[PDB]
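Notes follow the structure.
There are 4 protein chains.
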Amino acid sequence: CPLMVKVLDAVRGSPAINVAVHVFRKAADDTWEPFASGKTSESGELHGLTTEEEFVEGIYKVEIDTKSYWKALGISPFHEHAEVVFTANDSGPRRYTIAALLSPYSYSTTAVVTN
Amino acid sequence: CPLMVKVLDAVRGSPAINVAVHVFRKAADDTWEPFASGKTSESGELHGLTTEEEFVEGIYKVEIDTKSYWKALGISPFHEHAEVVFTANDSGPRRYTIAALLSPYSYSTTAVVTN
Amino acid sequence: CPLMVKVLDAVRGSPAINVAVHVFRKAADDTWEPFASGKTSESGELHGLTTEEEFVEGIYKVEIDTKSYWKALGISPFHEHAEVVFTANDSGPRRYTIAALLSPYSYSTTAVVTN
Amino acid sequence: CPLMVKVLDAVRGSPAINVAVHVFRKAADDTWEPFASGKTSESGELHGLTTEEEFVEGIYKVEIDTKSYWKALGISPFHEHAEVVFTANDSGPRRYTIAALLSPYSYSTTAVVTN
Ligand SMILES: COc1cc(CCl)ccc1Oc1ccc(Cl)cc1Cl
Ligand SMILES: COc1cc(CCl)ccc1Oc1ccc(Cl)cc1Cl
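Protein chains in written order, with UniProt numbering: chain A, 30 to 144; chain B, 30 to 144; chain C, 30 to 144; chain D, 30 to 144.
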């Protein structure tokens, strides 16, 4: 698994479950082309988005649908989503974990990159 | 000044000075149109982006050029930039501060909505 | 004012108002002796804790009563408080801002050391 | 495993490896009595600190030795340590993951609590 996404809820102290996540890759023509998408599991993890063959060099954007998450929970949050944008595989394949911690008016995001 | 941006550097424990910030408003065709931009000051703050009469309800994107900031310091960074996307909602008089705390592989952002 | 504390609320997207903050200095026998304290203001800020002549090098603990803050809002919190422990080092003229961003089950803190 | 600690490095985008962690429990007499201690593994995780029999109700403090971590890496950080203090098992046994994300002048910490 070259790309994994982990999301936690800082209000509840729990995994953020059933969060939609869409991944895009910047195309030749500068557009954001759809790449893969999925939903976080009961452990707040999203696996199986892609494969080492598919996950080529490029600029990727991982958009986490934090607004739908808070709304499903009856809360009106500030951000539309949380998007993480990075160049991947510049020096060869790496494994990327994108972790996000969500509050209604705040989020943070970190990347763990291993070889 | 209904919209201010403040950026701090978690590695040096200082304001993040001279960071480029571009603000876009979502247009009816779903493209992002330039709205306002500037460089943060010596105090990591960016004032005077817009006025109340110009700043109407809508979806806005604040893009912070974290990549250039880290490179100008000789530090290798993960993210291409940091994008903060939110709906400006008239519910009240409504000053928005978008604050961001930067690390090479991580950032956080919070909104402080007052008055 | 060589030492200031600023606290924000990530759930409401506001300053954290009226939060109790106690500052201790580590004594030679390793106990924490009271040094300064106060409640954050309407802007989530706490000024006037100490003066340059009183604030000597040493280890200081800043304890932020996050538990009372959440309870006064009717929100269930995880941490008993937030403690920020650091060495004040004369290397330069040296204003310290200790900033904290609070969630029910999470907080972050950053130091901004300027001048 | 009732108590686990996970630490990440936000500068490198990696697990924070070989971080010392000491756990204390507030005694009858209001003192912090040593409870368990360990070091994070190659994955930045610390397992096996305690058992469901040992990990009784109480107020616990998990002190993460972030200063030694940065120093080993040739860096002079701001904080002495990062301490997390919480009441555990008030409504019966729970499993607690204390996660911390470290930068030289900043850290955040979150708790994931599951039943
Ligand atoms: C950077 O975002 C922040 C993150 C955290 C959690 Cl560490 C607390 C406060 C923050 O915002 C500020 C921090 C310092 C100053 Cl001087 C001003 C502001 Cl608005
Ligand atoms: C933004 O994500 C994180 C933020 C912080 C700062 Cl408190 C710490 C860890 C984070 O990522 C995780 C948090 C908990 C688990 Cl179990 C796993 C991961 Cl990868």
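Note that beta-carbon positions come from the ideal geometry of N, C-alpha and C, so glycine has one too.
Quiz item: Below 8 Å between beta carbons: does that hold for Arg123(A) and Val141(A)?
Solution: no
Quiz item: Just checking, does the stretch 90-98 of chain D make contact with the stretch 37-52 of chain D on the three C-beta pairs under 8 Å criterion?
Solution: yes
Quiz item: On the three-pair Cβ rule with 8 Å, is the stretch 51-70 of chain C touching the stretch 56-69 of chain B?
Solution: no
Quiz item: Which two residues bound the contiguous beta strand (DSSP E) that contains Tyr125(B)?
Solution: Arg124 to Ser132
Quiz item: Could one say the Cβ of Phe53(C) lies closer than 8 Å to chain A's Cβ atoms, at least one of them?
Solution: no
Exercise. Tell me whether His108(B) is buried or exposed, calling it buried when 16 or more other Cβ atoms sit within 10 Å of its Cβ.
Key: buried
Quiz item: From the beta carbon of residue 21(C), is the nearest beta carbon of chain B less than 8 Å away?
Solution: The displayed coordinates of chain C run from 30 to 144. Any statement about residue 21(C) would go beyond what the structure contains.
Practice problem: Select from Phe53(B), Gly103(B), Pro44(B) and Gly73(B) the residue whose C-alpha is nearest the C-alpha of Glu83(B). | Solution: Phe53(B)
Exercise. Say yes only if the C-beta of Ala128(B) is nearer than 7 Å to one or more non-hydrogen atoms of ligand 1, and no if none qualify.
Key: yes
Exercise. Report the three-state DSSP secondary structure of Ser135(C) (helix, strand or coil).
Key: strand
Quiz prompt | Spatial distance of residue 3(B) from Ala45(B) (CA atoms) | solution = The requested residue 3(B) does not occur in the structure, where chain B is confined to residues 30 to 144.
Exercise. Closer than 9 Å by beta-carbon distance: list the chain C residues that pair up with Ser72(A), in chain order.
Key: Simply none; closest approach about 16 Å.
Exercise. Flag this pair as yes or no: are the beta carbons of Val114(B) and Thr138(B) separated by less than 8 Å?
Key: no
Exercise. Could you work out which residue in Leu130(B), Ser132(B) and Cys30(B) is closest to residue 10(B) when comparing CA atoms only?
Key: The requested residue 10(B) is not part of the displayed model; chain B covers only 30 to 144.
Exercise. Could you check the C-alpha separation between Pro106(B) and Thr116(A) for me, to the nearest Å?
Key: 10 Å
Quiz prompt | 6 Å CB neighbourhood of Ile127(A) in its chain, flanking five on each side removed | solution = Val34, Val91, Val113 and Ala140
Quiz item: Are the C-beta of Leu130(A) and some C-beta of chain C separated by less than 8 Å?
Solution: yes
Quiz item: Nearest to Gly121(C) by CA position, among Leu37(C), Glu81(C), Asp38(C) and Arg41(C), is which residue?
Solution: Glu81(C)
Quiz prompt | Whole-angstrom distance between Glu74(C) and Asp119(C), CA atom to CA atom | solution = 24 Å
Practice problem: Kindly indicate which three-state DSSP category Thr60(B) falls into: helix, strand or coil? | Solution: coil
Practice problem: Look at the Cβ atom of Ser132(B), then the Cβ atom of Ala111(D), and state whether they are nearer than 8 Å. | Solution: no
Quiz item: In or out: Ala56(B) buried (at least 16 other Cβ within 10 Å) or exposed?
Solution: exposed
Quiz item: Within the present structure, is the beta-carbon of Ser135(B) separated from the nearest heavy atom of ligand 1 by less than 7 Å?
Solution: no
Quiz prompt | Cutoff 8 Å: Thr139(D) Cβ touching any chain A Cβ | solution = yes
Self-check item: Closer than 8 Å at the beta carbon, the chain D residues around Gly42(A)
Solution: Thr139, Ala140, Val141 and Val142
Quiz item: Out of curiosity, what's the CA-to-CA distance linking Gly77(B) and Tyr125(B)?
Solution: 12 Å
Quiz item: What runs of the alpha helix (DSSP H), each 4 residues or longer, lie entirely inside the stretch 32-105 of chain B?
Solution: 95-101
Practice problem: Could you name the residues that DSSP lists as bridge partners for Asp119(D)? | Solution: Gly121(D)
Quiz item: Taking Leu37(A) as the reference, which of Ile104(A), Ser135(A), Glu86(A) and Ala129(A) has the closest Cα?
Solution: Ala129(A)
Quiz item: Would the C-beta of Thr138(A) count as close to ligand 1, meaning under 7 Å from any of its heavy atoms?
Solution: no
Quiz prompt | Inter-residue CB distance, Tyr136(A) and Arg41(C) (contact presumed, cutoff 8 Å) | solution = With 8 Å as the limit, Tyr136(A) and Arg41(C) do not qualify as a contact, their Cβ atoms being about 15 Å apart.
Quiz item: Any chance the CB of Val141(D) is under 7 Å from a heavy atom of ligand 2?
Solution: yes
Quiz item: From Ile93(D) to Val85(B), what does the alpha carbon distance come to, in whole angstroms?
Solution: 46 Å
Quiz item: To which residues of the same chain is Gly87(D) closer than 7 Å at the C-beta, ignoring the five residues directly before and after it?
Solution: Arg54, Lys55 and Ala117
Quiz item: In its own chain, which residues sit with a C-beta less than 8 Å from the C-beta of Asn144(C), not counting the 5 before and 5 after it?
Solution: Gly121, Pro122, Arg123 and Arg124
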